[PDB]
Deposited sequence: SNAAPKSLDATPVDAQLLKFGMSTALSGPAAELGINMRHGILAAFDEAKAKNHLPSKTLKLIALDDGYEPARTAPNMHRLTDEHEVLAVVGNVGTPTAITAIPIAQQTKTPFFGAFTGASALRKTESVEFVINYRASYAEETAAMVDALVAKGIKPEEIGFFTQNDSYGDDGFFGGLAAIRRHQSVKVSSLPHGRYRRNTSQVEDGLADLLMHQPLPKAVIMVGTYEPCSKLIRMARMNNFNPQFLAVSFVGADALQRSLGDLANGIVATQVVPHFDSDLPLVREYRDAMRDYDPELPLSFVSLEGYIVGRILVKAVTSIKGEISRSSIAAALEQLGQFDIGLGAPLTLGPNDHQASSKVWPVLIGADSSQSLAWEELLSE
């Protein structure tokens, strides 16, 4: 009761899926951020500052995102909202961040809606970029544009990935949007039967299915496809959660390709080695994942920006500091770029091939080999 406290508390907020069928996404984003914050404390990166994350559960449901965001920006007075999972959730969250002038940084979503939003600053490559990489690689291997199908969540997330795929296909062949194979499922359900039937009845039958969904419904779709005598090349976007997908499917995940917005967590890139050390010290029982690696990267960039601030640390000075990063290197093997007119740090897409027991980096020229 008598001890001076001169450390300034720096509060950051997050609204994310900490429960429900997509919980692995929010849980692991949160762990990655917290591992970064743990490391920053351990190494005295922010002397006389205390980092705190206020993480509220929205279950990947926009109806819960809205009141969470009001609480984070009003009563909690957070300095930035960091790492929130999802597209329909972000679409609800962003106007609240904008009206309160709160930086909305490193959201776990590649949606174009975040990439047109002055307060929205992104680390990761977009769904347009992931789907372009997939489509170009498929076509290079002799898959016809008309043979590429989509299995997507029936909302703004699935729409965004589908539209990215459509644009990528259109670069190779003019098509009407109604011609593409496109099965859908409702967010946070396992109701994938109708979507599978739509793919199966398509002319021609898809040879590749791009999955713009989450791990639970995607796992069920893959199991059901194989039961229904259908074995195309499945490709999962980053948001699916490749680690959770592999855990659910086991051997049935062997051969799936999944695009990531981070390098492999087994890489010896300096940042990745630092991620592994931070995770080990933070909680050695947690498995590594692409999701927590992304959260760690977001935390690292945030801390780097905060370190640069001279004077009051505030919403406005954090927004400015993120833009002041310019071209910078955090040990990813290639530079990141942020600025007043550049709000996406990375366009890099790292494909991985899921095997029997693990995943490994994939060169696109080895796709379907």
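No alpha-carbon coordinates exist for the deposited sequence positions 1-8, 125-127, 381, given here in order along the chain.
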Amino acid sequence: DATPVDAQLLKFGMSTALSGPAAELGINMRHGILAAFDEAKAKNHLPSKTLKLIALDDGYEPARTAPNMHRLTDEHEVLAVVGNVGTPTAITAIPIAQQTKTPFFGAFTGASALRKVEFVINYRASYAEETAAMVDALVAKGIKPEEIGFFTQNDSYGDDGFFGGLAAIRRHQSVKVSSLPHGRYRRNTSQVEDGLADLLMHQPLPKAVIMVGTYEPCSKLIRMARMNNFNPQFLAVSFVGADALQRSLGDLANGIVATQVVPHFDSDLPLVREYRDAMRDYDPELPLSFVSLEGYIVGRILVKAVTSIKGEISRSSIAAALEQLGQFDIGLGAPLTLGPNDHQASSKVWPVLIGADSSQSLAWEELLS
From here on, numbers count along this sequence of modelled residues.
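When the two stretches 244-252 and 161-169 are set side by side, the higher mean Cα temperature factor goes to 244-252.
A summary of the deposited B-factors shows that, of 51-59 and 311-319, the stretch with the larger mean C-alpha value is 311-319. Between the residues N188, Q99, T131, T89, the entry's highest C-alpha temperature factor is the one at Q99. If you compare the C-alpha temperature factors of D266, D74, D155, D277 in the entry, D74 comes out highest. Remark: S112 belongs to the middle third of its chain, ranked by C-alpha B-factor as recorded.
Compared with the other modelled residues of the chain, the Cα B-factor recorded for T16 ranks in the lowest third. When the CA B factors of the chain's modelled residues are split into thirds, the value for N341 lands in the highest one.
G299: CA B factor lies in the lowest third for its chain, per the PDB record.
Sort the modelled residues of the chain by CA B factor and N28 lands in the lowest third.
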